[PDB]
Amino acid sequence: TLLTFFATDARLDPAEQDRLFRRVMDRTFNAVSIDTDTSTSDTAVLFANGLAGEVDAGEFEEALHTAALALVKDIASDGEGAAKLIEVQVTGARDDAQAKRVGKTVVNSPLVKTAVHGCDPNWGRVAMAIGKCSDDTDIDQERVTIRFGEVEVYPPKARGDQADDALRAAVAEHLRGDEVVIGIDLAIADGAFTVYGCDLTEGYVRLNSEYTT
C-alpha cells in the first residue's frame, strides 16, 4: 500500500489545485512500481488551508512536483529488499502515454530487475522488455535506441562483438552505483516519460516469504 498525504497553508483555487494535484500525481506516484502489485488501498491526499495567503499556483505545482518526486525516489530506494533504484527514461514515443507504457514494462521486468541487481550488463533483456509491448506495432527495433547511464548498447553500428564487449563493460561499471538509469528512444514522435522502480533482490523474496505482509 501506498499512502501519502501533503499539507500546506497555501490558499489556492480549489479547481486549479485538483487539476494541479492530478498532473503531479501522474508524473510521480503514478510513475513508480516495485512489484507491479497495485494495492487495494492506495491513497494520496493534499490538504490546503489558506492560512498563509495566495501562492502562485505555478510556484506551487513546481514545489509539489519537487516534493512528491523526492518521496517517490525515496520509495524506490527503499523498495522492499532493494539494493538499487531503477530510473527508466523513455522518449520519442508516439505520445506520452506510450512512453510510460514502455517505461513501466521495462522497470517491471523481473529479468531486467535481476540483471540490474547482479550488475550484469544484460541489455538484451531491456530489448525483450520493449518487445513485450506487442500491441504497439509502431515500435520498430531498427529505430529504437537503448542506453544504461550514458552508454548506448543498441542499435549495433558495424559488425562483430568488440563494440558490445567494451561498453558492455562500461555498463557494468555504471550499474555498480546505487541508482541505475535506463534510456530508451523509440524514434516515433515526441512522447516522453520517466518511470521508477528497483532491482529485484533475494531480500525481496525472503521478506515476502518469511513474513506475512
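Each residue number is its position in the shown sequence, starting from 1.
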| item | value |
| --- | --- |
| Given 28-36 and 184-192, the range whose Cα B-factors average higher in the PDB entry | 184-192 |
| 197-205 versus 10-18 - greater average Cα B-factor per the deposited record | 10-18 |
| Given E152, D164, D42, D56, the residue at which the Cα B factor reaches its maximum | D56 |
| Record-listed C-alpha B factor of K113: chain third | lowest |
| Record-listed C-alpha B factor of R143: chain third | highest |
| Chain-wide C-alpha B factor ranking for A67, given as lowest, middle or highest third | middle |
| For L46, the third of its chain into which the C-alpha B factor falls | lowest |
